[PDB]
Amino acid sequence: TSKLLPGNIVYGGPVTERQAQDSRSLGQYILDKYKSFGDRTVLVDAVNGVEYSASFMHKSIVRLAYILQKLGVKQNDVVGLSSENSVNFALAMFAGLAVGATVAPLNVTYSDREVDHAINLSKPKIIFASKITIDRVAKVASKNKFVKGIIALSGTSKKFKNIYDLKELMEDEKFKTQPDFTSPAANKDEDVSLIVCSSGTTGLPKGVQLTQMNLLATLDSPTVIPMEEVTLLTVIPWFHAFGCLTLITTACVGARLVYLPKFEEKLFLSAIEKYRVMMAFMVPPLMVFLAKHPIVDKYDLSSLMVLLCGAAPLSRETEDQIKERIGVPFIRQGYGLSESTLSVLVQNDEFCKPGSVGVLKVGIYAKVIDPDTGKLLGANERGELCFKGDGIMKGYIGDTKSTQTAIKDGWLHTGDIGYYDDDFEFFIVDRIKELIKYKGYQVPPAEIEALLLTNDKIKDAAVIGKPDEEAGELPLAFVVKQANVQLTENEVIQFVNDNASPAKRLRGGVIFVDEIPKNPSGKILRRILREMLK
Ligand SMILES: CCCCCCCC(=O)OP(=O)(O)OC[C@H]1O[C@@H](n2cnc3c(N)ncnc32)[C@H](O)[C@@H]1O
């Protein structure tokens, strides 16, 4: 029930439920939820086929929570998490939240300098790490005195002084703990539950701080199905806000959360078939895969009911394609930023126009402002989207300048161009910083990208501005064709020439490639793309 308030501000409605917010801390709300689920399955390791009960989660969170306190972790301390999706990941995060510590997950594919830059943003006192990243993490922690200890969820290393094996700690008979642990009370308004590293044009990430309030208010907020009885698959990485908050919310609703370490084409399809996955979180890259890759037909996907996509531009042409190929009833697209905790806009049964991002979630205000002025725009006027509500981040840790630039008067200036129609359904056009500056025009690469993805001969597409002396930027398309097909640069140029405005002309040419660089969250790594121009 969105409302158009005076002044051209859109409102998603008042937040009715207050269960999570009433809690004394996110750690206590998670523990009680898990305990209240009894012995039901809540986590399924798809690769190894191991079901995990709610009581197993509760017991392990209690044990690990005590161990953290013994190791010196105190309320509002920071603990790092560098690991693929796994039960130990969830156990590590929940335990850290149980003791009232900030959890700072770290991208698993990070490099020495990115890892070093991340842990220098949040300054974790203890860091969890699996075998895939322990060597890099231990090596980096050596050059940072604030890191007092590393816990290895798997594997080992000698490049750091104080390393603990999680298995030995959990099982230490000499360390006696009670069957139940209770989380301390949090200043929900200021205590930081999560520090999520966001990608930016800087090349190095910023640390967005999400308070307990941000998370509890989000918890208190797509289809008519009760999520509790849902078998849910999440391939988005859990160190990203989308996958991270999706793991928490799904956990609090008692759903059956199936997971893979990362994403893999065959493992993804295989998981949906074996475990009868009914709903899955996706990023556009996976949606395009479902829509294009021929391997998709080699699997039984009948159990799939809902596809929840977000994090990057997704066109209706791709949505329709997927629905017409595999026959999934519900495809819902959502929009949000790391700075907005989770989504601020989601499609539903009533507001699910093709290619839209839905309507505001309760408690969130939205406004479309014209850049180069604060002019608040009306319906159907494109402008920079700004959001206000209980989901807005507290700010970039240690970077008050970047925070003032982003949050004005409680409004998050997302930096994206969008608009809302007369039903207050929102549409995301593109990111201002990624608009191709060609002869004063601000061409949205996402528009051309959607057009190129309608061509059955194109498997993936990414458009970038090519540096030019007179024009400044010329649209250039990185194209990934399908296997058994013939495609030429001229044919691609002709395609957009006959279906797009003269400004979208691929004057920069075509550059066929077998794979487009994407980040673990499905965002086109434009930075890398501009480097390949050779
Ligand atoms: C249920 C939905 C859960 C979504 C959570 C993901 C949060 C996240 O993505 O955090 P990030 O900070 O990494 O991304 C922030 C930036 O990503 C771009 N963006 C994000 N969503 C869309 C979209 N639906 N359509 C077009 N663009 C999108 C945009 O430009 C934005 O400013």
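## What to know about the overall build of the chain
Within the chain, the secondary structure is distributed over 16 helices and 29 strands. For the chain, whose C-alpha radius of gyration is 23 Å, the value lies close to the compact-globule estimate of 24 Å for 534 residues. With the C-alpha coordinates of the chain rotated into their principal frame, the extents come out at 75 × 55 × 50 Å.

## Notes on the environment of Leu474
Positionally, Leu474 belongs in strand β28 (residues 472-481). Considering only alpha carbons, one finds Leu474 and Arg507, 33 residues apart in sequence, at a separation of 5.7 Å. Beyond its immediate stretch of four places on either side in the chain, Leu474 contacts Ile436, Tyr438, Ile464, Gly465, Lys466, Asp468, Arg507 and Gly508.

## Regarding the sheet that holds β28
As a general point, the strands of a sheet are linked pairwise by backbone hydrogen bonds and lie either parallel or antiparallel. With respect to topology, three strands assemble into an open sheet ordered β27-β28-β29, the strand pairing being mixed. A strand with exactly one partner marks an edge of an open sheet, and here the two such strands are β27 (458-468) and β29 (510-512). For this sheet, the mean angle separating the axes of adjacent strands, direction not counted, is 25 degrees. For β27 and β28, the ladder comprises 10 bridges, and the chain directions are antiparallel. Bridge assignment links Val463 to a residue of β28, and that residue is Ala477. Of the strands in this sheet, β27 and β28 are in contact with helix α14 (residues 445-454), which crosses β27 at around 145 degrees.

## So, helix α10 (residues 265-274)
Of the residues flanking the start of α10, the one acting as N-cap is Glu264, its side-chain oxygen 3.2 Å from the backbone nitrogen of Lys266. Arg276 lies just past α10 and shows a positive phi near 55 degrees.

## Quick look at the site of the ligand
For the ligand, the set of nearby residues contains 18 residues, the closest of which are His240, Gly334, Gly336, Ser338 and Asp416. Between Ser338 and the ligand, the recorded distance is 3.0 Å, taken from a backbone N or O atom to an oxygen atom. The contact in question runs from an oxygen atom of the ligand to an N or O atom on the side chain of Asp416, over 2.4 Å. Notes on the ligand: free accessible area 690 Å², of which the protein chains cover 88%.

## A look at the sheet that holds strand β15 (residues 306-309)
Judged by pairing direction, the sheet is mixed, and its nine strands sit side by side in the order β4-β3-β13-β12-β14-β15-β16-β17-β18 without closing on themselves. The sheet terminates laterally at β4 (50-53) and β18 (359-360), the two strands that pair on one side only. Contacts between helix α9 (residues 241-252) and the sheet are confined to β12 (231-234), β13 (256-259), β14 (279-282) and β15, with β14 contributing the most and set at about 155 degrees to the helix.

## What about the side chain of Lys292?
Inspection of the secondary structure puts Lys292 in helix α11 (residues 284-292). Buried and unpaired, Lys292 has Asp456 as its nearest opposite-charge partner, separated by 5.1 Å. Within the local environment of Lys292, its side chain forms a polar contact with the backbone oxygen of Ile458, the two atoms lying 3.5 Å apart. With near-sequence residues (within four places) excluded, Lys292 lies in contact with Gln321, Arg325, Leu453, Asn455, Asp456, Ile458, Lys459 and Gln482.

## Here's the deal with the pairing of strand β23 (residues 411-420)
Within β23, nine of the 10 residues are buried, which leaves it mostly tucked inside the rest of the structure. Bridge count between strand β20 (residues 383-389) and β23: four bridges; the pairing is antiparallel. What sits directly across from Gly383, in β23, is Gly418. The sheet contact formed by strand β22 (residues 407-408) and β23 spans two bridges and is antiparallel. Its bridge partner lying in β23, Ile407 is registered against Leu412. Connecting β22 to the next strand, β23, in antiparallel fashion are two residues, including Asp409 with a positive phi near 55 degrees. Here five bridges tie β23 to strand β24 (residues 426-431), and the two strands are oriented antiparallel to one another.

## Quick look at the nonpolar core
Counting residues in each nonpolar core, the largest one holds 118 residues, and the members touching the most others are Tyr34, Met93, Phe94, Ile248, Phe387 and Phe426. When residues of this core are assigned to their parent elements, the largest contribution, 10 residues, is made by helix α4 (residues 87-98). Beyond its immediate chain neighbours, meaning those up to four positions away, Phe426 contacts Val10, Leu345, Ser356, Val357, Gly358, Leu360, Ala366, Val368, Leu385, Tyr419 and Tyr420. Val443, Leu451, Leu453 and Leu474 belong to the second-largest nonpolar core, a separate cluster that totals 21 residues.

Rules behind the numbers
- Residues numbered from 1 in each chain as written, not as in the entry; some residues may be left out.
- Heavy atoms only, no water.
- Residues with missing side-chain atoms left out of burial classes, pairs and counts.
- Helix = DSSP H or I, 4+ residues; strand = E, 2+ residues; numbered from the N terminus.
- Rg over C-alpha atoms; globule rule 2.2 N^0.38 Å.
- Contact = heavy atoms within 4.5 Å.
- Pairing = 2+ DSSP bridges.
- Axes fitted to C-alpha atoms, helices over the stretch in contact; angles between N-to-C directions.
- Polar contact = N/O pair within 3.5 Å; in protein donor to acceptor, adjacent residues only side chain to side chain.
- Near = heavy atom within 4 Å.
- Areas by Shrake-Rupley, 256 points an atom, 1.4 Å probe, with all protein chains shown as cover.
- Buried < 20%, exposed > 50% of the residue type's maximum accessible area, 1.4 Å probe, protein only.
- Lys, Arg positive; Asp, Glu negative; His and termini not counted.
- Salt bridge = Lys/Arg side-chain N within 4 Å of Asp/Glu carboxyl O.
- Core = buried A, V, L, I, M, F, W, Y, C linked by side-chain atoms within 4.5 Å.

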